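[1] Here is the sequence, then the experimental structure:
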Protein chains: 2
Amino acid sequence: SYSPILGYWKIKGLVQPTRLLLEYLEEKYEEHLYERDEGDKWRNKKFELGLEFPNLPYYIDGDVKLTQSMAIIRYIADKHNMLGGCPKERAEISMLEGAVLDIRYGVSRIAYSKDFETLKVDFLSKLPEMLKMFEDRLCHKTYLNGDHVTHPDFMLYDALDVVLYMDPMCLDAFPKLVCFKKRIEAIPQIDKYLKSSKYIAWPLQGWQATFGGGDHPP
Amino acid sequence: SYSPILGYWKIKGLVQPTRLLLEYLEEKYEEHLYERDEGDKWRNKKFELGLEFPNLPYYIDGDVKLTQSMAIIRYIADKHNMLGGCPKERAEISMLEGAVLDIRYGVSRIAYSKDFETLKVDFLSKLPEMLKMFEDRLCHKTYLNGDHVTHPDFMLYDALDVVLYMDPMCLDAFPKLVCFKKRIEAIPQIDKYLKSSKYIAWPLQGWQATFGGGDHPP
Ligand SMILES: N[C@@H](CCC(=O)N[C@@H](CS)C(=O)NCC(=O)O)C(=O)O
Ligand SMILES: N[C@@H](CCC(=O)N[C@@H](CS)C(=O)NCC(=O)O)C(=O)O
C-alpha cells in the first residue's frame, strides 16, 4: 500500500547498508530524516510512535513498527526471501553479518572518543586481519555468499567506504576488496542511487563525532 | 551424532547467553575452553579449524563450522524453531536481540578502557533509559516475547548479571527486571546449570579487562 517509512539522522551511520539494500531491491520507501539541530524535535516525538524500543533508526510499514538497525535490514531481507533458505545458510549469512560489524562497530566504538587518534592506531593495526578474511572469502566469489547478492554485501560495502576515510590506503593490500567495492558501485540501481539526491555522503557518524563527524569531510 | 563443540575463552563474555540457551534446551554439547595462558595455544590452532572467519567463539557440529556469537546463538535457536514463525515475529525477536546488545556491548565497549571509571559514569547515566524499555516490555509478560522463552531472554539475563557487577543498585528502580532475573534462575534446567561445575562465574570480560576482568571478583 503506502510507502514504508525509514526514520534516522541525516547521516550514513547505522542505516546506510539498509538504504543500499532497499535501492538494490528497487523498493519504494520514504525517509523521515532528522537534521543536526533536530535533537529536541526527535526527543519530543520518540515515545509517540508506538515503538516498543524507541530509537533511531525506525522502520514503519503497516505490518511492523521496528527499531534496531539489524532487525530492520534483516526484516527487509526476510521480506524478499534473502535471509537464507535453511538453518545452515541463515547461519552463514549471520556469520558474514557479524564479521562485517566487527569492522563497522570497530569504527563506531572509537569515533566519539576524545582519544580517537590514539585508539585509531590500534584499530588500524588490527584491521588487516579482519579485511584478510573477506579478501579470502572473495577468492573466485562474485559476492560474499557466492553468485547472488545478500544484505551483508551492502554492510561490507558501507564498512569499506567508512574505513577508507580513516586511512585511504587501508585497502591497498586487498585488491579483491577494492574490486568488490567497485563491483557494488557497478550495480546499476546502486550507481543510480549514489548519484541521486537521496544519497547522503556525509557525515559517517553523528555530526559531533571526532571521526566521521562535522558538516563536511575534512 | 557426536556432541557439538562450543569453543571459547573460559569466561562469560560473548558466549554466556548461548550456554544458557543450550542448557535451557537440555542439549548435549561439549566445550573447548581456552584458559588465560592459552593465547598462543589458540593462535596456533585458529587458522587450522576450517573456519571461514576464525574467531572465538566457534561452534562445530558436523553441519556447520560457525564463528560470530550472534550467528551461533541464532543457529541453535533456529535448529529448535525459536527464531520466529514469520517475518514479523523474526523481526520482533531480532529487535529484542539488538536492544539487549545495546546494554551488553555498552559494557564491553568500555571495559578494556584505561578511562573506564570515567566512561562508566556515562554508561550508568544512560542505562536506566535502556532498562526502562525492558521493564515496560515485561508488563504482564512472563518472558520478553510473551508466554514462551526465546534466546533474547538469556541475552537479557546475561546483561543484567553483568551490569549488577558494575553497580549492584542499578536494578533497584526496576522491580519487574529483578523478578525476571529471578524467574530465569527459577527455570530448573538453569538452576541446575548455575549450580554445576560447567558454570563459569568469572571473569565477565577477558581476564585483562579493567572491568569484569581478573581471576576473581573484586
Ligand atoms: N543498537 C541500536 C543503536 C541505535 C543508536 O545508537 N542510535 C543513535 C544514533 S547512531 C541515536 O541517536 N538514537 C536516538 C535515541 O537514542 O533516541 C541500533 O543498531 O539501531
Ligand atoms: N563479533 C565477534 C567478536 C569476537 C571477539 O571479539 N572474540 C574475542 C573474545 S571476546 C577473541 O578473543 N577472539 C579471538 C581471536 O581474535 O582470535 C563475535 O561476536 O563473536
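    Alright, I've got the coordinates. Numbers count the residues shown, from 1 in each chain, chains lettered A, B, ... in the order given. Ligands and ions are numbered 1, 2, ... in the order given.

[2] could you pull out the strands for chain A?
    Remark: strands assigned in chain A by DSSP state E are A:5-9, A:30-34, A:58-60, A:65-67.

[3] need those strands in CSV with mean neighbour count and distance to ligand 1, can you?
    To be clear about C-beta, it is placed using only N, CA and C from the backbone, and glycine gets the same treatment. Formatted as CSV, the entries for the strands of chain A read as follows, by neighbours: other Cβ atoms under 10 Å in any protein chain shown; distance: least, Cβ to the nearest ligand atom, whole Å:
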stretch, mean neighbour count, distance to ligand 1
strand A:5-9, 21, 6
strand A:30-34, 15, 8
strand A:58-60, 22, 9
strand A:65-67, 22, 6
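
[4] any chance of the ones you listed in CSV, plus distance to residue A:149?
    Output for the strands of chain A, formatted as CSV (distance: least, Cβ to Cβ, whole Å):
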stretch, distance to residue A:149
strand A:5-9, 19
strand A:30-34, 22
strand A:58-60, 20
strand A:65-67, 22
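
[5] if I pick the closest residue to residue A:12 other than its chain neighbours, what's in contact with it?
    Once flanking residues are discounted, residue A:12 sits nearest to residue A:204: 5.1 Å by Cβ to Cβ, 6 or more residues apart in numbering or on different chains. Residue A:204 makes contact with A:11, A:12, A:13, A:107, A:111, A:162, A:165, A:211, A:212, A:213 under the criterion Cβ atoms under 8 Å, 6 or more residues apart in numbering or on different chains.

[6] cool, and residue A:41?
    residue A:34.

[7] gap between it and residue B:130?
    Between residue A:41 and residue B:130 the distance, using Cβ to Cβ, to the nearest Å, works out to 22 Å.

[8] The longest helix belonging to chain A close to chain B?
    What stands out as the longest helix in chain A, according to DSSP state H, is helix A:87-111. Yes. For helix A:87-111, a contact with chain B is found by Cβ under 8 Å from any Cβ of the partner chain, at A:87, A:88, A:90, A:91, A:92, A:94, A:95, A:97, A:98, A:99, A:105, A:109.

[9] now the strands of chain A as a markdown table including distance to ligand 2?
    Formatted as a markdown table, the strands of chain A follow (distance: least, Cβ to the nearest ligand atom, whole Å):
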| stretch | distance to ligand 2 |
| --- | --- |
| strand A:5-9 | 23 |
| strand A:30-34 | 29 |
| strand A:58-60 | 24 |
| strand A:65-67 | 21 |
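
[10] burial measure for residue A:169, as a count.
    Other residues within reach of residue A:169, judged by other Cβ atoms under 10 Å in any protein chain shown, total 8.

[11] Chain neighbours aside, what residue packs nearest to residue A:160?
    The nearest residue in space to residue A:160 (Cβ to Cβ, 6+ apart) is residue A:181, at 5.0 Å.
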